[PDB]
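Shown next, in structure tokens, is the structure this report addresses.
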Amino acid sequence: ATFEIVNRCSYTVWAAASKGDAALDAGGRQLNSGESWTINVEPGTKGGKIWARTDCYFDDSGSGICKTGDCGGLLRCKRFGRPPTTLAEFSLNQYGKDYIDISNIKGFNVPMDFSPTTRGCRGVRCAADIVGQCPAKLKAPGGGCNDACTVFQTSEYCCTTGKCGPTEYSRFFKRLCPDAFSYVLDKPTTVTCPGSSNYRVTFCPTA
């Protein structure tokens with residue numbers, strides 16, 4: 001499947017794409033404002049994620065650091081990134097269907113739209129000013145708004161027992177972005193698309 005990743009933010013982001021144990025395509029790339037990066041993702045990919053990283057410094061060899069979303073210091077992400085990261089998540093060709101969602105479960109750093117470019121389903125978006133409005137205890141100094149599990153490491157926020165409810169913190173993400181997951185057991189905002197759809201991820205869609 002084809003993903004076009006578009007940086008509509010006025011600032012540079014470093015896009016990342018991974019399925020947790022492997023890069024998707026090149027795994028990451030700098031996107032200046034307006035730049036678009038087209039990647040190919042193998043059919044059947046389960047548990048892929050795309051995210052933006054902010055304020056990265058890399059050297060010749062692709063090693064460095066980002067203030068949000070860093071994936072072990074690599075330009076080309078092999079693993080997932082450090083919160084806070086707004087997440088585009090997808091599982092492709094699962095019994096004939098693609099499944100996509102946006103998640104604030106690992107916090108929020110950049111606004112995002114995640115839409116099909118082919119027919120038969122709708123897109124989802126989380127484009128509210130979650131960083132500006134972020135509760136004081138969840139603000140990340142690097143930028144971004146952490147989720148409560150990252151910050152506090154409790155069974156309730158991390159849903160470690162498989163039982164947990166919404167919290168003051170999850171409701172904040174949910175109030176600003178109803179179409180994104182706000183905690184592990186949120187009512188699913190997953191969208192079902194035809195198998196083998198293609199997609200566009202736009203950072204800062206309303207910029």
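Residue names in the structure tokens use chain letters A, B, ... in the order shown, residue numbers from 1 in each chain, and ligand numbers from 1 in the order shown.
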
Sorted per-residue table, segment 112-131 of chain A near segment 153-172 of chain A, closest atoms and distance, 12 Å, only C-alpha atoms, as a tab-separated table:
```
residue	atom	partner	partner_atom	distance
A:128	CA	A:172	CA	11.3
A:129	CA	A:172	CA	11.5
A:130	CA	A:172	CA	8.7
A:131	CA	A:172	CA	11.3
```

Can you write just those residues out, N, CA and C atoms, as a PDB file, in the first residue's frame?
```pdb
ATOM      1  N   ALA A 128      -6.754  19.660  17.167  1.00  0.00           N
ATOM      2  CA  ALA A 128      -6.956  20.660  18.198  1.00  0.00           C
ATOM      3  C   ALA A 128      -5.623  21.075  18.811  1.00  0.00           C
ATOM      4  N   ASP A 129      -5.632  22.209  19.517  1.00  0.00           N
ATOM      5  CA  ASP A 129      -4.398  22.701  20.124  1.00  0.00           C
ATOM      6  C   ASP A 129      -4.194  22.008  21.472  1.00  0.00           C
ATOM      7  N   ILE A 130      -3.844  20.729  21.394  1.00  0.00           N
ATOM      8  CA  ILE A 130      -3.688  19.976  22.630  1.00  0.00           C
ATOM      9  C   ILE A 130      -2.440  20.409  23.382  1.00  0.00           C
ATOM     10  N   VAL A 131      -1.376  20.844  22.681  1.00  0.00           N
ATOM     11  CA  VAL A 131      -0.203  21.266  23.421  1.00  0.00           C
ATOM     12  C   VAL A 131      -0.484  22.554  24.191  1.00  0.00           C
TER      13      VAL A 131
END
```

Segment 96-154 of chain A near segment 2-24 of chain A within 10 Å: what's each residue's closest atom pair and its distance in Å to one decimal, counting only C-alpha atoms, ordered by chain then ascending residue number, as a tab-separated table?
```
residue	atom	partner	partner_atom	distance
A:110	CA	A:9	CA	8.6
A:111	CA	A:9	CA	8.8
A:112	CA	A:8	CA	9.5
A:113	CA	A:6	CA	9.8
A:114	CA	A:5	CA	9.4
A:115	CA	A:3	CA	9.8
A:116	CA	A:3	CA	8.9
A:117	CA	A:3	CA	8.8
```

Residues near residue 195 of chain A, anyone? I mean within 12 Å using only C-alpha atoms, not counting same-chain ones fewer than 5 positions away, as a PDB file with N, CA, C and O atoms, in the first residue's frame.
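In the end it all went to selection_7.pdb:
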```
ATOM      1  N   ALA A   1       0.853  -1.188   0.000  1.00  0.00           N
ATOM      2  CA  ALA A   1       0.000   0.000   0.000  1.00  0.00           C
ATOM      3  C   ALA A   1       0.889   1.239   0.000  1.00  0.00           C
ATOM      4  O   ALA A   1       2.040   1.188   0.450  1.00  0.00           O
ATOM      5  N   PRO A  43       1.681  -5.161   1.985  1.00  0.00           N
ATOM      6  CA  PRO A  43       0.373  -5.706   2.362  1.00  0.00           C
ATOM      7  C   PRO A  43       0.520  -6.659   3.534  1.00  0.00           C
ATOM      8  O   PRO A  43       1.561  -7.293   3.716  1.00  0.00           O
ATOM      9  N   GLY A  44      -0.525  -6.721   4.345  1.00  0.00           N
ATOM     10  CA  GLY A  44      -0.517  -7.573   5.506  1.00  0.00           C
ATOM     11  C   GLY A  44       0.175  -6.982   6.708  1.00  0.00           C
ATOM     12  O   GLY A  44       0.225  -7.641   7.743  1.00  0.00           O
ATOM     13  N   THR A  45       0.726  -5.776   6.599  1.00  0.00           N
ATOM     14  CA  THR A  45       1.440  -5.172   7.717  1.00  0.00           C
ATOM     15  C   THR A  45       0.486  -4.973   8.891  1.00  0.00           C
ATOM     16  O   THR A  45      -0.610  -4.410   8.747  1.00  0.00           O
ATOM     17  N   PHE A  90      -2.177   1.581  11.938  1.00  0.00           N
ATOM     18  CA  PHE A  90      -2.874   0.864  10.874  1.00  0.00           C
ATOM     19  C   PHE A  90      -2.473  -0.601  10.872  1.00  0.00           C
ATOM     20  O   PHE A  90      -1.321  -0.930  11.159  1.00  0.00           O
ATOM     21  N   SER A  91      -3.450  -1.461  10.572  1.00  0.00           N
ATOM     22  CA  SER A  91      -3.207  -2.859  10.234  1.00  0.00           C
ATOM     23  C   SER A  91      -3.836  -3.122   8.870  1.00  0.00           C
ATOM     24  O   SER A  91      -5.006  -2.779   8.657  1.00  0.00           O
ATOM     25  N   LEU A  92      -3.032  -3.632   7.931  1.00  0.00           N
ATOM     26  CA  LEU A  92      -3.470  -3.730   6.544  1.00  0.00           C
ATOM     27  C   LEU A  92      -3.822  -5.178   6.195  1.00  0.00           C
ATOM     28  O   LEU A  92      -3.143  -6.113   6.640  1.00  0.00           O
ATOM     29  N   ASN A  93      -4.873  -5.338   5.381  1.00  0.00           N
ATOM     30  CA  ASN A  93      -5.224  -6.646   4.813  1.00  0.00           C
ATOM     31  C   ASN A  93      -5.458  -7.682   5.907  1.00  0.00           C
ATOM     32  O   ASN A  93      -4.826  -8.734   5.929  1.00  0.00           O
ATOM     33  N   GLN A  94      -6.331  -7.343   6.842  1.00  0.00           N
ATOM     34  CA  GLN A  94      -6.679  -8.215   7.959  1.00  0.00           C
ATOM     35  C   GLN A  94      -8.027  -8.804   7.572  1.00  0.00           C
ATOM     36  O   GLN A  94      -9.059  -8.131   7.647  1.00  0.00           O
ATOM     37  N   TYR A  95      -8.007 -10.042   7.078  1.00  0.00           N
ATOM     38  CA  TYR A  95      -9.236 -10.683   6.607  1.00  0.00           C
ATOM     39  C   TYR A  95     -10.013  -9.793   5.640  1.00  0.00           C
ATOM     40  O   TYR A  95     -11.223  -9.617   5.748  1.00  0.00           O
ATOM     41  N   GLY A  96      -9.294  -9.192   4.702  1.00  0.00           N
ATOM     42  CA  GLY A  96      -9.941  -8.425   3.664  1.00  0.00           C
ATOM     43  C   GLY A  96     -10.188  -6.960   3.971  1.00  0.00           C
ATOM     44  O   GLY A  96     -10.741  -6.246   3.125  1.00  0.00           O
ATOM     45  N   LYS A  97      -9.787  -6.485   5.139  1.00  0.00           N
ATOM     46  CA  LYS A  97     -10.096  -5.134   5.586  1.00  0.00           C
ATOM     47  C   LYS A  97      -8.802  -4.446   6.027  1.00  0.00           C
ATOM     48  O   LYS A  97      -7.860  -5.106   6.492  1.00  0.00           O
ATOM     49  N   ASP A  98      -8.737  -3.122   5.839  1.00  0.00           N
ATOM     50  CA  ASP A  98      -7.705  -2.311   6.495  1.00  0.00           C
ATOM     51  C   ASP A  98      -8.336  -1.623   7.705  1.00  0.00           C
ATOM     52  O   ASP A  98      -9.504  -1.228   7.656  1.00  0.00           O
ATOM     53  N   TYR A  99      -7.550  -1.436   8.773  1.00  0.00           N
ATOM     54  CA  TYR A  99      -8.034  -0.746   9.972  1.00  0.00           C
ATOM     55  C   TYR A  99      -7.097   0.388  10.317  1.00  0.00           C
ATOM     56  O   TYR A  99      -5.910   0.138  10.521  1.00  0.00           O
ATOM     57  N   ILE A 100      -7.630   1.598  10.444  1.00  0.00           N
ATOM     58  CA  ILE A 100      -6.822   2.778  10.733  1.00  0.00           C
ATOM     59  C   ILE A 100      -7.406   3.532  11.916  1.00  0.00           C
ATOM     60  O   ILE A 100      -8.612   3.520  12.168  1.00  0.00           O
ATOM     61  N   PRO A 116      -7.874   8.060   3.847  1.00  0.00           N
ATOM     62  CA  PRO A 116      -7.637   7.275   2.624  1.00  0.00           C
ATOM     63  C   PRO A 116      -7.553   8.194   1.436  1.00  0.00           C
ATOM     64  O   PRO A 116      -8.193   9.247   1.409  1.00  0.00           O
ATOM     65  N   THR A 118      -7.945   6.454  -1.512  1.00  0.00           N
ATOM     66  CA  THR A 118      -8.800   5.618  -2.346  1.00  0.00           C
ATOM     67  C   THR A 118     -10.205   5.576  -1.738  1.00  0.00           C
ATOM     68  O   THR A 118     -10.472   6.141  -0.669  1.00  0.00           O
ATOM     69  N   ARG A 119     -11.136   4.925  -2.437  1.00  0.00           N
ATOM     70  CA  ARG A 119     -12.539   5.021  -2.032  1.00  0.00           C
ATOM     71  C   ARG A 119     -12.894   4.065  -0.892  1.00  0.00           C
ATOM     72  O   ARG A 119     -12.204   3.075  -0.624  1.00  0.00           O
ATOM     73  N   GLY A 120     -14.001   4.388  -0.218  1.00  0.00           N
ATOM     74  CA  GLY A 120     -14.747   3.432   0.566  1.00  0.00           C
ATOM     75  C   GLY A 120     -14.647   3.573   2.067  1.00  0.00           C
ATOM     76  O   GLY A 120     -15.172   2.710   2.773  1.00  0.00           O
ATOM     77  N   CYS A 121     -13.985   4.603   2.587  1.00  0.00           N
ATOM     78  CA  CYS A 121     -14.038   4.891   4.018  1.00  0.00           C
ATOM     79  C   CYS A 121     -13.722   6.367   4.213  1.00  0.00           C
ATOM     80  O   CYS A 121     -13.412   7.086   3.264  1.00  0.00           O
TER      81      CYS A 121
END
```

Residue set, segment 4-182 of chain A restricted to alpha helix (DSSP H), as a ChimeraX atom specification: /A:130-133,148-152,155-158,168-176

Quick one: of A:202, A:124, A:50, A:173, who's nearest to residue 35 of chain A, counting only C-alpha atoms? A:202

For atom CA of residue 179 of chain A and atom CA of residue 38 of chain A, quote the distance in Å rounded to one decimal.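 These two atoms are separated by 24.9 Å.
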
Who sits within 8 Å of residue 73 of chain A, only C-alpha atoms, same chain under 3 positions skipped, as a list in words: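 Listing them by chain and then by number gives residues 63, 64, 65, 66 and 70 of chain A.
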
Mind dumping the selected residues with N, CA and C atoms as a CSV table (one decimal), in the first residue's frame?
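As a result, again34.csv now contains:
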```csv
chain,number,residue,atom,x,y,z
A,63,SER,N,22.5,9.5,13.2
A,63,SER,CA,22.4,9.3,14.6
A,63,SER,C,22.2,10.7,15.2
A,64,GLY,N,21.4,10.8,16.3
A,64,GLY,CA,21.1,12.0,16.9
A,64,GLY,C,20.1,11.9,18.0
A,65,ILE,N,19.2,12.9,18.1
A,65,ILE,CA,18.2,13.0,19.2
A,65,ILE,C,17.1,13.9,18.7
A,66,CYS,N,15.9,13.6,19.1
A,66,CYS,CA,14.7,14.5,18.8
A,66,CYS,C,14.1,14.7,20.2
A,70,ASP,N,11.5,10.5,19.6
A,70,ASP,CA,12.8,9.9,19.3
A,70,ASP,C,12.8,8.4,19.3
```
